[PDB]
Amino acid sequence: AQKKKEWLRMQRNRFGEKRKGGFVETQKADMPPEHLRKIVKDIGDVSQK
Amino acid sequence: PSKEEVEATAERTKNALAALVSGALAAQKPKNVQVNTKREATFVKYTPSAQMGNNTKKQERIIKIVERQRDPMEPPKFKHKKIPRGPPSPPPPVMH
Amino acid sequence: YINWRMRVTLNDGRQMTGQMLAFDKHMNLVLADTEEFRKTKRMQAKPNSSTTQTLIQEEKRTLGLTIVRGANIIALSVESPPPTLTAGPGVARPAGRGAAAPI
Amino acid sequence: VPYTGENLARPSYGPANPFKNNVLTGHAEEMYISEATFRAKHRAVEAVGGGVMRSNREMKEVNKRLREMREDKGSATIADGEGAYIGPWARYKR
Amino acid sequence: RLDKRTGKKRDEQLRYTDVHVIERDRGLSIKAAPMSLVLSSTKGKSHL
Amino acid sequence: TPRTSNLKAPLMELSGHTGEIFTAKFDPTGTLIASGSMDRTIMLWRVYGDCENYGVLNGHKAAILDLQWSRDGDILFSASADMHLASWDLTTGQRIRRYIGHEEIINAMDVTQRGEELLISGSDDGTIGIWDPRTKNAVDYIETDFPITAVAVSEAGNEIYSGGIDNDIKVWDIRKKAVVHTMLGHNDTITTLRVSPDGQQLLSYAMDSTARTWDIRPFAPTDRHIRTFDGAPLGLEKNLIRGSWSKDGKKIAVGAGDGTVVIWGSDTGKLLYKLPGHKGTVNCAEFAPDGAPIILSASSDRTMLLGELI
Amino acid sequence: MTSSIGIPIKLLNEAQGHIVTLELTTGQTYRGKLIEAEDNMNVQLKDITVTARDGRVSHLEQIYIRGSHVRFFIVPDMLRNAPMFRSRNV
Amino acid sequence: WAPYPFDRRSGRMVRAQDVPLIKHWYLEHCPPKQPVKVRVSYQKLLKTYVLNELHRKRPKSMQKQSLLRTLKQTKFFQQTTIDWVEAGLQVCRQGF
RNA sequence: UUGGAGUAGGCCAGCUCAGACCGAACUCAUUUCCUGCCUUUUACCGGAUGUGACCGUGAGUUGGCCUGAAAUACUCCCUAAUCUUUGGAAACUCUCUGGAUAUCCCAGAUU
């Protein structure tokens, strides 16, 4: 019974369509604009060490 | 030499020179941005030997080697050093 | 069942066989390379035997392209049936089995 | 030949040395396995709980004690003050 | 293949029997041009 | 070694798959190879003349674990981890149709070479499926309690040999939907089930790295075993390694996890060959069906080796 | 539901001007040039050499034959290659 | 009878810089009674048009990699939506 | 009129092919010449000749995402009132012709 569960889980993990390359692939998503705003404000004049 | 050996040597030499042409074309004009996101892993079966004193047989290892993601904006990291020429190949006897 | 090679029974018992090309709502058949087959019950009396042999002898005719009306058709019978893959990206080269581990 | 059984069966003659590896520290060869095999074996070694036989209900029970050890997640419809949504940034008490 | 055509070129007249380069550039016919076609009548009989 | 067979080279590579090659087969004529892989494609190669890749089939949403030529040699049969089967026309290169109804990954599949044409699809929902290759719906399905990783159809066309994770080779009757007898001896999951060319013996390799030959004749003693063969270790991957019989039935070949193909004599038991040359688990080891001493190995280093036996 | 003319009647319309041989159910056989044809198989012919089962060989000019009293026409072989027998892809 | 594209009712969308709004002014005959400078400008725009059409290059184009999509494939570039003034201030400060 | 095989829209990404009108729009570089301006040459002048890049475009195909739809739905090709499909039939006899030939029988034709 536990061998059956392990075999089913292993084969679904290996041969599932959701893991065609070994991992779950998502779409490149859009970040909030305040992230870029904070990055640009933080680095500034590039004067800090 | 007959056409078989001649064409075999032609294939071997033109494969080597084609590799050299590919390297020279890569060096001559870089492809603007030098990144490659097709970073396919390489798996290595590594069997350790005995080292640093102890001689117990360590378990053999499976190692995943992946190329590191590089910043596309990074310039060349190191300067070029002008090292003098090494000595030539050992010269032959002078058969006068 | 278009273009299937078919045999047709006619109203007067004749046969019309060949390569059918078309049909309509009135069951009129366009039938190519047609052979008309006729049967007659002959009483072939041999000079030595007093019993006249009853034989349904068979006679042939060729017509070619024909068009029969559905008001004279009886039955429709089967005669006979009528008389992109791209290459791959793989390569092949000679190779050896390498240096086997000497056991 | 030299891949047949009688060729692999014969040993190397002579005595043995009383006193090889591809790299300086051991022997390393290139191998080909599925990604899922390496991930599953690395997970079995890495995860604290690799092995130790366990079904779904007591795993959910361990998840429940782990969840109640953590801080309150908060209410997402409360935008300010006590009860405001903290979410996955809730820390574990220690 | 005329509908796989873009730009001002898809607004051009086909001009099937104008084949001289003078005919193409001047936009008029300079030579006689024969064709043989199978055309159907109203009753359905094809003629040459 | 002098030349033994009619090949361009005594041994040579076939490559071009971008994933692990899980199953490779032969034409019944013995002139065409069809290989399905992890990369959801099927590559069709020509053995003789210039060794040329001449076809690619792309219809499956997941890994293709099996594919079987028909009795004539114009139809290809794919079992795939997208929970489907498929019949392919190898003249236009199109897919004829898909066979739908399995609720898990299909591991095995077999067609009948004698008699009426059927499809034998074992799958991880514990289900054998008997399919007719003209209707998209299954003729029948036998439900079990354990995932099935290897199936085989008999000469008579009424017996199903099914191996799975229950460590038993079960022999079922199609018209009765019941096991006629179980066959024990293995202690890890059965990966292949091949009937001999004469139909007198059964080969079964499993995940305990032991290949067992069994007496299959109807009037047999209580223990239907014959022999056990060692020397083909299964490595780290738990793949479905599939073996084959030679045409005369004298030799058996099983892929190993060391990149080697281990060939034994079916009647004597000696290790006739241990053939290296692969950098991964050899998923398939097949013999040429047209009386030739040719062995094809398909391995998860994305490659196949065509070799001759000298 | 416009009454589409059948392919046999279309082939009969193609056959006008050619030499056709008609076999009737009233026993007559005519070989002649098909001048006029209708959608209900009434045909007007010109040459009409006549042949019956009782051997009524005769020659005359111009005839109107109704489509109910006929069995079948025979038309030239080349009319097999008419454009109506090529499947227009829709 | 309207000129292109006003005689159409469907079409493909073009780049904003690919719409020459006043090109037909100098593709047509110049209005009567212009200054010499305006007529010379008309003739020079005609010259630019004619040289653009005479040197109309169309050789083979091979596999072209897009710069922005290749940068978007990496982890070092993210995407968002901002005001154009904010983007211009960022570009000017970055270049400085 | 039906069957068989099919399954939406939007967006993202890869791959292959397509300038000929890929693009109803328009730059830059460069080989070999000729001209111009020129103390030198980078940068230039403007014609020819090829040759590259760059800003873009379309189709096919593969994978993914988002919102759904949920065996619904959609889809392709395909198969009783006169000229056929709501029967002028059915049955038998006579005569004639042919074979048999003393007849029976039968084929064809006619009533």
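Cβ: placed from backbone, ideal geometry, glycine included. Neighbour counts: every protein chain shown. None of the figures in this text is laboratory data; all of them are computed from the coordinates on show.
As a quick test, which of the pairs B:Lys38/H:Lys72; A:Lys28/F:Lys61; A:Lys28/B:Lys64 have an alpha carbon distance above 19 angstrom in this structure? Walk me through the numbers on the way to the answer.
Details: B:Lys38/H:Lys72 14 Å; A:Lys28/F:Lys61 22 Å; A:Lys28/B:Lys64 25 Å.
Flagged as over cut-off: A:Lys28/F:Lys61; A:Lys28/B:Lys64.
Quick one: which residues, 5+ away or cross-chain, put their amide H under 5 Å from the amide H of F:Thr192? H built at 1.01 Å from N.
Amide H neighbours of F:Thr192: F:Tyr205.
Quick one: helix H:36-54 against the long Cα principal axis of chain H, what's the angle to the nearest 10°, folded into 0 to 90?
Between the helix axis and the principal axis of chain H, the angle is about 60 degrees.
Would you tally the net charge around B:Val44, using a Cβ to Cβ cut-off of less than 9 Å, leaving B:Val44 out, and scoring K and R as +1, D and E as -1? All intermediate terms of the calculation are to be shown ahead of the outcome.
Working: positive: B:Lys45, B:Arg61, B:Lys64; negative: D:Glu29, D:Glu30.
Local charge sum for B:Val44: +1.
Rounded to the nearest 0.05, what FRET efficiency do C:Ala45 and G:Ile19 give with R0 = 51 Å and r taken as the Cβ-Cβ distance? Could you check?
On the way: r = 42 Å, r/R0 = 0.82.
The pair C:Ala45/G:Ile19 has a calculated efficiency of 0.75.
For chain D, how many pairs of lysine residues have a Cα-Cα distance under 29 Å, where the two are 8 or more positions apart or belong to different chains?
Numbers: D:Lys20/D:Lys41; D:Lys41/D:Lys60; D:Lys41/D:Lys64; D:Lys60/D:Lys73; D:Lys60/D:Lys93; D:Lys64/D:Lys73; D:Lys64/D:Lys93; D:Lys73/D:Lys93.
Final tally of qualifying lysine pairs is 8.
Can you give the local net charge around B:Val66? Use residues other than it whose beta-carbon is closer than 9 angstrom to its beta-carbon, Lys and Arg +1, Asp and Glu -1. Don't skip to the answer; put the middle values down first.
Numbers: positive: B:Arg39, B:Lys64, B:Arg68; negative: B:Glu40, B:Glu67.
Local charge sum for B:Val66: +1.
Across the residues of D:20-31, average count of Cβ atoms on other protein chains within 10 Å? Show your work: numbers first, answer last.
On the way: counts 1, 3, 3, 3, 2, 5, 9, 6, 8, 7, 8, 15.
So the per-residue partner count for this stretch is 6.
Read phi for every residue in region F:207-221 and hand back ³J(HN,Hα) as whole Hz from Karplus 6.51 cos²θ - 1.76 cosθ + 1.60, θ = phi - 60°, with x for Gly and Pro.
Rounded to whole hertz, the list is 8, 9, 6, 10, 9, 10, 9, 10, 6, 10, 5, x, 9, 10, x.
When only DSSP loop residues count, what GluC sites (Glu not before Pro) in region H:12-96 have their Cβ near at most 15 other Cβ atoms within 10 Å? Intermediate values should be presented prior to the final figure.
Values: sites: H:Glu28, H:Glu53, H:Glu86; in loops: H:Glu28.
Filter output for region H:12-96: H:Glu28.
Mind running the shape call on the protein assembly as shown? Use the C-alpha gyration tensor, a ≥ b ≥ c as the square roots of the eigenvalues: rounded below 1.5 for a/c, prolate if a/b tops b/c, oblate otherwise.
Working: a/c = 2.01, a/b = 1.27, b/c = 1.58.
Oblate shape, in that a/c is at least 1.5 and b/c is the bigger or equal ratio.
Once you order the gyration tensor axes a ≥ b ≥ c over the Cα atoms, which shape class does chain C get: rounded for a/c under 1.5, otherwise prolate or oblate by comparing a/b with b/c?
Values: a/c = 5.42, a/b = 2.24, b/c = 2.42.
Oblate, since a/c reaches 1.5 and b/c is not below a/b.
On a straight-distance basis, which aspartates and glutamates could pair with B:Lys31 in a cross-link, Cα separation under 18 angstrom, same-chain partners fewer than 8 positions away excluded?
Output for B:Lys31: B:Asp71, B:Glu74.
Would you give the gap between the C-alpha center of region F:165-206 and the C-alpha center of chain A, rounded to a whole Å?
Region F:165-206 and chain A have Cα centres separated by 44 Å.
Relative contact order (percent) for chain G, with alpha-carbon contacts under 8 angstrom and 6 or more residues of separation? Can you show the working numbers first?
Details: 158 pairs, mean separation 25.4, N = 90.
With pairs under 8 Å counted, the relative contact order is 28 percent.
Greater than 30 Å separation of Cα atoms is the criterion. Which listed pairs, G:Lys10/G:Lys46; F:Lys136/F:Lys251; B:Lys77/H:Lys60, meet it?
Distance filter (> 30 Å) returns F:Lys136/F:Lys251; B:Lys77/H:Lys60.
To the nearest 10 degrees, how steeply does helix B:3-28 sit against the main Cα axis of chain B, on a 0 to 90 scale?
60
Peptide F:300-307: average number of partner chain Cβ atoms within 10 Å per residue?
Neighbouring Cβ atoms belonging to other protein chains average 3 per residue here.
Give me a comma-separated list of calculated 3J(HN,Hα) values for region E:19-36, in order, Karplus coefficients 6.51, -1.76, 1.60 applied at θ = phi - 60°, integers in Hz, x for any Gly or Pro.
10, 4, 5, 4, 5, 5, 7, 6, x, 9, 7, 10, 10, 5, 9, x, 9, 10
Return the sequence-ordered ³J(HN,Hα) values of region C:18-28 in whole Hz as given by the Karplus equation 6.51 cos²θ - 1.76 cosθ + 1.60 applied to θ = phi - 60°, using x for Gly and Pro.
Whole-Hz 3J(HN,Hα) from phi for region C:18-28: x, 8, 6, 10, 8, 8, 10, 5, 8, 6, 8.
Between D:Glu6 and C:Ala101, what FRET efficiency comes out of the Förster formula 1/(1 + (r/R0)^6) with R0 = 22 Å and r the beta carbon distance, rounded to 0.05?
Working: r = 16 Å, r/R0 = 0.73.
Once rounded, the FRET efficiency stands at 0.85.
In which sequence would F:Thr303, H:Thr81, F:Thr23 go, from the one with the fewest C-beta neighbours within 10 Å to the one with the most? Could the numbers behind the result be given before it?
On the way: F:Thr303 21, H:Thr81 10, F:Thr23 25.
By the 10 Å Cβ count, ascending: H:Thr81, F:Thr303, F:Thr23.
Could you name the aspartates and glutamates in cross-link range of A:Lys18, using Cα to Cα under 20 Å and dropping any fewer than eight places away on the same chain?
Excluding near neighbours in sequence, the set is A:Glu6, B:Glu40, D:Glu35, F:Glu20, F:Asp39, F:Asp82, F:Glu103, F:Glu104, F:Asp124, F:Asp125.
Considering only F:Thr210, F:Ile241, A:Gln48, whose Cα is most displaced toward the positive end of the charge dipole of the protein assembly as shown, charges sitting on Cβ of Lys, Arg (+1) and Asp, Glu (-1)?
Towards the positive end, the residue furthest out is A:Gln48.
Can you give the FRET efficiency to the nearest 0.05 for E:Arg26 and D:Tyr92, using r as the Cβ-Cβ distance and R₀ = 60 Å?
Details: r = 87 Å, r/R0 = 1.45.
Computed FRET efficiency for E:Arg26 and D:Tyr92: 0.10.
At each listed q (0.11, 0.13, 0.25 Å⁻¹), what is the log10 of I(q)/I(0) that the Debye formula gives for chain H modelled as equal alpha-carbon point scatterers?
Log10 I(q)/I(0), no solvent term: -0.74, -0.93, -1.32.
Run the dipole for the protein assembly as shown about the Cα centre, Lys and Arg Cβ at +1, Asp and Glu Cβ at -1, nothing else charged, and hand back the magnitude in debye, nearest 20. Before the final figure, lay out the partial values.
Working: 136 positive and 98 negative charges, 810 e Å.
My answer is approximately 3900 debye.
Given 0.36 nm per residue, what is the gain on full extension from B:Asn32 to B:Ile83 after removing their alpha carbon distance, in nm? Intermediate values should be presented prior to the final figure.
Values: separation 51, 0.36 × 51 = 18.36 nm, distance 2.93 nm.
The span from B:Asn32 to B:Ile83 would gain 15.4 nm if fully extended.
Dipole of chain F, Cα-centred, from +1 at each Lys and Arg C-beta and -1 at each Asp and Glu C-beta, to the nearest 20 debye? Don't jump to the answer; show the numbers that get you there.
Details: 31 positive and 41 negative charges, 108 e Å.
Result for chain F is approximately 520 debye, rounded to the nearest 20.
Does region B:15-96 come out rounded, prolate or oblate, given a ≥ b ≥ c as the square roots of the eigenvalues of its C-alpha gyration tensor, rounded meaning a/c under 1.5 and, failing that, prolate meaning a/b above b/c? Please report the intermediate quantities before stating the final value.
Values: a/c = 2.17, a/b = 1.18, b/c = 1.84.
Taking the square roots of the gyration eigenvalues as a ≥ b ≥ c, region B:15-96 is oblate.
Straight-line reach from C:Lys60: which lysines have Cα under 26 Å away, leaving out those fewer than 8 places along the same chain?
The qualifying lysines are C:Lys39, C:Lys41, C:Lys46, G:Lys33.
Quick one: H:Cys92, F:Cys51, H:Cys30, F:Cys284, fewest Cβ neighbours within 10 Å first, how do they rank?
Values: H:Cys92 9, F:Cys51 21, H:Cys30 14, F:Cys284 26.
In increasing order of surrounding Cβ atoms, one gets H:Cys92, H:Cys30, F:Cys51, F:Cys284.
F:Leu184 to F:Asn58: extension gain in nm, 0.36 nm per residue of separation minus the Cα-Cα distance?
On the way: separation 126, 0.36 × 126 = 45.36 nm, distance 3.94 nm.
Between F:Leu184 and F:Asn58, full extension yields 41.4 nm more.
In whole Å, what is the distance between the alpha-carbon centres of region D:1-78 and region G:75-90?
71
Local charge sum around E:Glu23 (other residues, Cβ-Cβ under 10 Å, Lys/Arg +1, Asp/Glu -1)? Provide the component values of the computation, followed by the final result.
On the way: positive: E:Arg15, E:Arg24, E:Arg26, E:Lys31; negative: E:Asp18, E:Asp25.
It works out to a net charge of +2.
Round to the nearest 10 and give me the degree value, 0 to 90, for the angle of helix H:84-95's Cα axis relative to the longest principal axis of chain H.
In chain H, helix H:84-95 runs at an angle near 70 degrees to the longest axis.
Dipole magnitude of chain D about its Cα centre, charges +1 at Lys/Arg Cβ and -1 at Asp/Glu Cβ only, in debye to the nearest 20? Numbers along the way, then the final one.
On the way: 16 positive and 12 negative charges, 76 e Å.
Value, rounded to 20: 360 debye.
Quick check: residue separation of H:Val19 and H:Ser61 times 0.36 nm, minus the Cα distance between them. What number comes out in nm?
Values: separation 42, 0.36 × 42 = 15.12 nm, distance 2.45 nm.
Full extension from H:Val19 to H:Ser61 adds 12.7 nm.
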